[PDB]
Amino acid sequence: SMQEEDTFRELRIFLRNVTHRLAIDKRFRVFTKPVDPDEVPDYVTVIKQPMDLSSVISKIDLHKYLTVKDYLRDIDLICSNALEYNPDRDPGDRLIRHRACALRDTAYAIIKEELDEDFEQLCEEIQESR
């Protein structure tokens, strides 16, 4: 219905706004673009499902997210990929892991404060009806 299309459009506006606020944070720069195969050749072979904030924006615009739950699965993937690729005790790895957890924590905190629970429930019920 038109009301349901309006609901998903509001969802996309909300998700673009959250994603933009993450992408402009200097801490999260490393998560804003896919990994360069030239600088890091073994990334594509180690990380089977790469994810980054530019790809998240692309997926929003392709209508790939029908709920905030599905969006947070990709935020979680950005973070979990970073922890898996940088597991060592060296400061370079520890810095990226700290930033990855901060990205995840920040996304969840924005959503906890700004996502209306009844709006998410409506999205989920439309999704389940398709």
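One rule holds for the numbers: they count along the sequence shown, beginning at 1.
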So, looking at the entry's B-factor column for Cα atoms, which has the higher mean, 34-42 or 63-71? 34-42
Identify the stretch, either 47-55 or 76-84, whose C-alpha atoms have the larger mean B-factor according to the entry. 47-55
What third of its chain, lowest, middle or highest, does the C-alpha temperature factor of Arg27 fall into? middle
Sorting the chain's CA B-factors, does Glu117 end up in the lowest, middle or highest third? middle
In terms of the CA temperature factor given in the entry, to which third of its chain does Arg97 belong: lowest, middle or highest? middle
